[PDB]
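In: fold the following.
(2 chains, ligands or ions: 2)
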Amino acid sequence: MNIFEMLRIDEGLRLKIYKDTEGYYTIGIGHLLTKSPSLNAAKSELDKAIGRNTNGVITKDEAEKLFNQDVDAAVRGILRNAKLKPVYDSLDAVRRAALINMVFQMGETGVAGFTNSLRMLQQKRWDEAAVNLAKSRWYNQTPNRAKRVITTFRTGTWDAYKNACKXX
Amino acid sequence: XXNXXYX
Ligand SMILES: *[C@@H]1O[C@H](CO)[C@@H](O)[C@H](O)[C@H]1O
Ligand SMILES: [Cl-]
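Out: Numbering: from 1, shown residues only, chains lettered A, B, ... in the order given. Ligands and ions are numbered 1, 2, ... in the order given. For reference, the structure is listed below:
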């Protein structure tokens, strides 16, 4: 398991424009296109992102390319942010992935706003951090995914992302 | 699923 596999599990893969959990046009492995209610606006954003006239559909390789860019964007957002960077640097590799996951979902500014959770993570007060992280619109709106990310912070293991068949 | 493995 690693951050790419973790997010692939959490986001899925769809090759045609779809709406995310908030109703926003998205494609691929959770690539947000626009918050505009206009499908034409989303299609424009898609064509710009891919570099061709896609008519709302992409290939798996194209989806993976946007995904790789989006994971980089999350990592860069953490590394440039005065609140996120020290927390990230203080964490082990597994918990670093959990933080990247949150930033991928909610953005740099969004996660930097979790002030009390971030402090508990820096303090390595894992059960307390996990309790605090769940007191959030994030948790209430996407509880299964938030539970997996929170378990990863609580335990520093990949257990929430394992299954009996070892894939599927 | 819909993905593969193995983990
Ligand atoms: C594992 O995945 C392969 C590849 O599609 C499939 O052929 C098998 O049925 C499955 O066990
Ligand atoms: Cl969820």
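In: buried set for the longest helix along chain A?
Out: Secondary structure assigned by DSSP state H gives helix A:60-80 as the longest helix of chain A. Across helix A:60-80, burial judged by 16 or more other Cβ atoms under 10 Å in any protein chain shown covers A:62, A:63, A:64, A:65, A:66, A:67, A:70, A:71, A:74, A:75, A:77, A:78. In short, each C-beta sits where N, CA and C put it, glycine included.
In: what residues does chain A put near ligand 2?
Out: By Cβ under 5 Å from the ion, the residues of chain A that approach ligand 2 are A:142, A:144, A:145.
In: now the buried members of these.
Out: Here, 16+ other Cβ under 10 Å leaves A:142, A:145 buried among the residues of chain A next to ligand 2.
In: of the residues of chain A next to ligand 2, closest to residue A:4?
Out: Nearest to residue A:4 among these is residue A:145, at 16.1 Å by Cβ to Cβ.
In: does the host helix or strand of the closest one reach chain B?
Out: Element membership for residue A:145, per DSSP states H and E: helix A:143-155. No: figure legend: helix A:143-155 not in contact with chain B (Cβ under 8 Å from any Cβ of the partner chain); closest approach 14.5 Å.
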